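Chemist: Following this line is query-v5.pdb, made up of PDB, N, CA, C and O atoms and all ligand atoms:
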```pdb
ATOM      1  N   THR V  35    -130.616 -78.689   6.193
ATOM      2  CA  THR V  35    -129.699 -79.302   5.246
ATOM      3  C   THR V  35    -128.342 -79.568   5.866
ATOM      4  O   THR V  35    -127.616 -80.419   5.399
ATOM      5  N   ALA V  36    -127.974 -78.804   6.881
ATOM      6  CA  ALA V  36    -126.665 -78.953   7.498
ATOM      7  C   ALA V  36    -126.559 -80.217   8.328
ATOM      8  O   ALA V  36    -125.454 -80.673   8.630
ATOM      9  N   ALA V  37    -127.703 -80.788   8.695
ATOM     10  CA  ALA V  37    -127.755 -82.131   9.283
ATOM     11  C   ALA V  37    -127.367 -83.211   8.271
ATOM     12  O   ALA V  37    -126.876 -84.281   8.650
ATOM     13  N   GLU V  38    -127.645 -82.960   6.993
ATOM     14  CA  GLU V  38    -127.261 -83.875   5.919
ATOM     15  C   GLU V  38    -125.910 -83.552   5.285
ATOM     16  O   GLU V  38    -125.285 -84.418   4.681
ATOM     17  N   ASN V  39    -125.543 -82.278   5.263
ATOM     18  CA  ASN V  39    -124.237 -81.904   4.762
ATOM     19  C   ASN V  39    -123.504 -80.994   5.712
ATOM     20  O   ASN V  39    -123.773 -79.800   5.755
ATOM     21  N   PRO V  40    -122.369 -81.472   6.212
ATOM     22  CA  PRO V  40    -121.427 -80.693   7.020
ATOM     23  C   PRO V  40    -120.915 -79.417   6.336
ATOM     24  O   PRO V  40    -120.359 -78.537   7.000
ATOM     25  N   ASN V  41    -121.117 -79.309   5.024
ATOM     26  CA  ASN V  41    -120.538 -78.208   4.261
ATOM     27  C   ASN V  41    -121.503 -77.050   4.098
ATOM     28  O   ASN V  41    -121.309 -76.172   3.248
ATOM     29  N   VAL V  42    -122.543 -77.044   4.926
ATOM     30  CA  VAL V  42    -123.487 -75.952   4.928
ATOM     31  C   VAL V  42    -123.260 -75.238   6.241
ATOM     32  O   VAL V  42    -123.298 -75.856   7.287
ATOM     33  N   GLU V  43    -122.924 -73.960   6.177
ATOM     34  CA  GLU V  43    -122.910 -73.124   7.367
ATOM     35  C   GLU V  43    -124.360 -72.796   7.752
ATOM     36  O   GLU V  43    -125.146 -72.375   6.900
ATOM     37  N   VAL V  44    -124.727 -72.998   9.016
ATOM     38  CA  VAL V  44    -126.074 -72.660   9.436
ATOM     39  C   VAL V  44    -126.123 -71.186   9.774
ATOM     40  O   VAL V  44    -125.163 -70.633  10.310
ATOM     41  N   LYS V  45    -127.217 -70.539   9.390
ATOM     42  CA  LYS V  45    -127.418 -69.153   9.725
ATOM     43  C   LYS V  45    -128.711 -69.060  10.506
ATOM     44  O   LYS V  45    -129.712 -69.624  10.121
ATOM     45  N   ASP V  46    -128.646 -68.470  11.681
ATOM     46  CA  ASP V  46    -129.805 -68.385  12.545
ATOM     47  C   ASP V  46    -130.532 -67.088  12.213
ATOM     48  O   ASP V  46    -129.995 -66.231  11.526
ATOM     49  N   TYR V  47    -131.747 -66.949  12.719
ATOM     50  CA  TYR V  47    -132.603 -65.824  12.422
ATOM     51  C   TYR V  47    -131.852 -64.498  12.550
ATOM     52  O   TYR V  47    -131.975 -63.622  11.683
ATOM     53  N   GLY V  48    -131.087 -64.349  13.635
ATOM     54  CA  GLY V  48    -130.474 -63.064  13.951
ATOM     55  C   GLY V  48    -129.199 -62.799  13.183
ATOM     56  O   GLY V  48    -128.670 -61.693  13.224
ATOM     57  N   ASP V  49    -128.747 -63.807  12.450
ATOM     58  CA  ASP V  49    -127.578 -63.727  11.578
ATOM     59  C   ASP V  49    -127.998 -63.218  10.221
ATOM     60  O   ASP V  49    -127.178 -63.055   9.328
ATOM     61  N   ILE V  50    -129.304 -63.186  10.004
ATOM     62  CA  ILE V  50    -129.833 -62.804   8.716
ATOM     63  C   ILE V  50    -130.394 -61.384   8.758
ATOM     64  O   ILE V  50    -129.952 -60.537   7.996
ATOM     65  N   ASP V  51    -131.251 -61.095   9.735
ATOM     66  CA  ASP V  51    -131.633 -59.718  10.098
ATOM     67  C   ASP V  51    -130.611 -59.206  11.111
ATOM     68  O   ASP V  51    -130.883 -59.152  12.317
ATOM     69  N   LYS V  52    -129.415 -58.887  10.627
ATOM     70  CA  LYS V  52    -128.311 -58.571  11.513
ATOM     71  C   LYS V  52    -128.009 -57.087  11.518
ATOM     72  O   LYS V  52    -127.261 -56.621  12.370
ATOM     73  N   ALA V  53    -128.625 -56.333  10.615
ATOM     74  CA  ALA V  53    -128.269 -54.930  10.464
ATOM     75  C   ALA V  53    -128.821 -54.129  11.608
ATOM     76  O   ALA V  53    -129.859 -54.475  12.170
ATOM     77  N   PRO V  54    -128.168 -53.012  11.959
ATOM     78  CA  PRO V  54    -128.707 -52.233  13.066
ATOM     79  C   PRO V  54    -130.089 -51.641  12.785
ATOM     80  O   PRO V  54    -130.890 -51.514  13.707
ATOM     81  N   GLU V  55    -130.364 -51.291  11.525
ATOM     82  CA  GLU V  55    -131.685 -50.787  11.117
ATOM     83  C   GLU V  55    -132.740 -51.876  11.222
ATOM     84  O   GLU V  55    -133.914 -51.579  11.456
ATOM     85  N   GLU V  56    -132.377 -53.077  10.785
ATOM     86  CA  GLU V  56    -133.312 -54.177  10.769
ATOM     87  C   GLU V  56    -133.739 -54.478  12.179
ATOM     88  O   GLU V  56    -134.927 -54.488  12.461
ATOM     89  N   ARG V  57    -132.774 -54.430  13.095
ATOM     90  CA  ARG V  57    -133.046 -54.621  14.514
ATOM     91  C   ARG V  57    -133.943 -53.522  15.034
ATOM     92  O   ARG V  57    -134.733 -53.752  15.934
ATOM     93  N   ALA V  58    -133.721 -52.306  14.561
ATOM     94  CA  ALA V  58    -134.480 -51.154  15.028
ATOM     95  C   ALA V  58    -135.928 -51.149  14.546
ATOM     96  O   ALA V  58    -136.814 -50.636  15.227
ATOM     97  N   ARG V  59    -136.164 -51.628  13.334
ATOM     98  CA  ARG V  59    -137.526 -51.658  12.833
ATOM     99  C   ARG V  59    -138.170 -53.012  13.107
ATOM    100  O   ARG V  59    -139.384 -53.139  13.010
ATOM    101  N   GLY V  60    -137.350 -54.034  13.356
ATOM    102  CA  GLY V  60    -137.864 -55.375  13.554
ATOM    103  C   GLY V  60    -138.360 -56.044  12.283
ATOM    104  O   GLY V  60    -139.198 -56.944  12.334
ATOM    105  N   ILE V  61    -137.770 -55.671  11.152
ATOM    106  CA  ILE V  61    -138.089 -56.272   9.864
ATOM    107  C   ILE V  61    -136.793 -56.515   9.094
ATOM    108  O   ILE V  61    -135.717 -56.107   9.527
ATOM    109  N   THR V  62    -136.904 -57.197   7.961
ATOM    110  CA  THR V  62    -135.834 -57.272   6.978
ATOM    111  C   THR V  62    -135.886 -56.045   6.108
ATOM    112  O   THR V  62    -136.951 -55.640   5.660
ATOM    113  N   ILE V  63    -134.721 -55.484   5.823
ATOM    114  CA  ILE V  63    -134.633 -54.313   4.981
ATOM    115  C   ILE V  63    -133.734 -54.652   3.798
ATOM    116  O   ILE V  63    -134.118 -54.478   2.643
ATOM    117  N   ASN V  64    -132.662 -55.373   4.100
ATOM    118  CA  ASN V  64    -131.666 -55.743   3.106
ATOM    119  C   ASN V  64    -131.922 -57.167   2.636
ATOM    120  O   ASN V  64    -132.339 -58.011   3.427
ATOM    121  N   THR V  65    -131.598 -57.463   1.382
ATOM    122  CA  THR V  65    -131.609 -58.848   0.927
ATOM    123  C   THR V  65    -130.422 -59.546   1.582
ATOM    124  O   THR V  65    -129.361 -58.954   1.718
ATOM    125  N   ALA V  66    -130.608 -60.775   2.047
ATOM    126  CA  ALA V  66    -129.494 -61.536   2.562
ATOM    127  C   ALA V  66    -129.325 -62.708   1.637
ATOM    128  O   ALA V  66    -130.284 -63.127   1.017
ATOM    129  N   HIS V  67    -128.082 -63.142   1.443
ATOM    130  CA  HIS V  67    -127.779 -64.329   0.663
ATOM    131  C   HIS V  67    -127.274 -65.413   1.581
ATOM    132  O   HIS V  67    -126.314 -65.196   2.299
ATOM    133  N   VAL V  68    -127.869 -66.598   1.510
ATOM    134  CA  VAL V  68    -127.336 -67.740   2.221
ATOM    135  C   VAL V  68    -127.177 -68.895   1.258
ATOM    136  O   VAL V  68    -127.565 -68.807   0.104
ATOM    137  N   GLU V  69    -126.499 -69.935   1.708
ATOM    138  CA  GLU V  69    -126.044 -71.010   0.847
ATOM    139  C   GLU V  69    -126.475 -72.295   1.539
ATOM    140  O   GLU V  69    -126.397 -72.376   2.760
TER     141      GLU V  69
HETATM  142  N1  LIG H   1    -146.591 -69.113  15.003
HETATM  143  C1  LIG H   1    -145.591 -69.055  14.129
HETATM  144  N2  LIG H   1    -144.853 -67.952  14.020
HETATM  145  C2  LIG H   1    -143.933 -68.040  13.026
HETATM  146  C3  LIG H   1    -143.692 -69.070  12.182
HETATM  147  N3  LIG H   1    -142.685 -68.746  11.274
HETATM  148  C4  LIG H   1    -142.369 -67.540  11.663
HETATM  149  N4  LIG H   1    -143.079 -67.066  12.708
HETATM  150  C5  LIG H   1    -143.048 -65.830  13.460
HETATM  151  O1  LIG H   1    -143.524 -64.730  12.716
HETATM  152  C6  LIG H   1    -142.780 -63.567  12.913
HETATM  153  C7  LIG H   1    -142.142 -63.150  11.584
HETATM  154  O2  LIG H   1    -141.193 -64.098  11.070
HETATM  155  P1  LIG H   1    -140.160 -63.478  10.053
HETATM  156  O3  LIG H   1    -139.421 -64.665   9.659
HETATM  157  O4  LIG H   1    -139.243 -62.507  10.688
HETATM  158  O5  LIG H   1    -140.985 -62.794   8.948
HETATM  159  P2  LIG H   1    -140.589 -62.154   7.583
HETATM  160  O6  LIG H   1    -141.512 -62.700   6.610
HETATM  161  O7  LIG H   1    -139.165 -62.730   7.437
HETATM  162  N5  LIG H   1    -140.375 -60.612   7.595
HETATM  163  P3  LIG H   1    -140.351 -59.299   6.735
HETATM  164  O8  LIG H   1    -141.487 -59.312   5.724
HETATM  165  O9  LIG H   1    -140.117 -58.085   7.551
HETATM  166  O10 LIG H   1    -139.158 -59.884   5.980
HETATM  167  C8  LIG H   1    -141.752 -64.029  13.880
HETATM  168  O11 LIG H   1    -142.110 -63.589  15.171
HETATM  169  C9  LIG H   1    -141.714 -65.513  13.799
HETATM  170  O12 LIG H   1    -141.385 -66.072  15.076
HETATM  171  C10 LIG H   1    -144.465 -70.239  12.319
HETATM  172  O13 LIG H   1    -144.331 -71.288  11.706
HETATM  173  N6  LIG H   1    -145.415 -70.152  13.330
END
```
As structure tokens, please, write out the structure in this file.
Ligand SMILES: Nc1nc2c(ncn2[C@@H]2O[C@H](COP(=O)(O)OP(=O)(O)NP(=O)(O)O)[C@@H](O)[C@H]2O)c(=O)[nH]1
Modeler:
Amino acid sequence: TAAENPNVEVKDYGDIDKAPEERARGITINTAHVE
């Protein structure tokens, strides 16, 4: 969507599973919100 709208911040995979636990287990643990 950010290709169509400059007003969308892109979030990459590692920006979403960013927690130290998530990295340690290699899964999502926390809900993440993106726009
Ligand atoms: N071959 C292939 N692998 C994919 C595809 N989409 C995601 N993956 C791979 O599958 C693995 C899991 O993706 P991920 O997005 O982290 O899964 P999840 O459903 O978010 N995780 P969890 O249930 O822990 O939240 C990753 O290694 C990713 O590269 C796809 O289209 N093709």
Chemist: Excluding stretch 49-51 of chain V and any residue of its chain fewer than 4 positions from it, enumerate the residues within 6 Å of it, using all atoms listed in the file, and give them as a VMD selection string.
Modeler: chain V and resid 45 56 to 57 61 to 62 64 66
Chemist: Which residue out of V:43, V:52, V:69, V:37 has the minimum interatomic distance to ligand LIG 1 (chain H) when only C-alpha atoms and all ligand atoms are used?
Modeler: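 Between V:43, V:52, V:69, V:37, the residue approaching ligand LIG 1 (chain H) most closely is V:52.
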Chemist: Could you tell me how far atom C9 of ligand LIG 1 (chain H) lies from atom CA of residue V:60, in Å and to one decimal?
Modeler: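 Spanning atom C9 of ligand LIG 1 (chain H) to atom CA of residue V:60 is a straight-line distance of 10.8 Å.
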Chemist: Can you sort out the box for ligand LIG 1 (chain H), edges along x, y and z, all listed atoms in, 3 Å on every side, with centre and edge lengths in Å to one decimal, as JSON?
Modeler:
```
{"center_x": -142.9, "center_y": -64.7, "center_z": 10.4, "size_x": 13.4, "size_y": 19.2, "size_z": 15.4}
```
Chemist: Counting only N, CA, C and O atoms and all ligand atoms, figure out which residue out of V:68, V:63, V:55, V:35 gets nearest to ligand LIG 1 (chain H).
Modeler: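 The answer is V:63, which sits nearest to ligand LIG 1 (chain H).
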Chemist: What does the structure give for the distance between atom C3 of ligand LIG 1 (chain H) and atom N of residue V:47, in Å to one decimal?
Modeler: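 Between atom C3 of ligand LIG 1 (chain H) and atom N of residue V:47 the gap is 12.1 Å.
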Chemist: Calculate how many Å separate atom CA of residue V:36 from atom CA of residue V:54, rounding to one decimal.
Modeler: 27.4 Å
Chemist: What parts of chain V does DSSP call alpha helix (DSSP H)? I'd like the answer as a VMD selection string.
Modeler: chain V and resid 47 to 50 54 to 59
Chemist: I need the residue nearest ligand LIG 1 (chain H) from this list: V:59, V:67, V:39, V:44. Use all atoms listed in the file for the distance.
Modeler: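 Nearest candidate to ligand LIG 1 (chain H) out of V:59, V:67, V:39, V:44: V:59.
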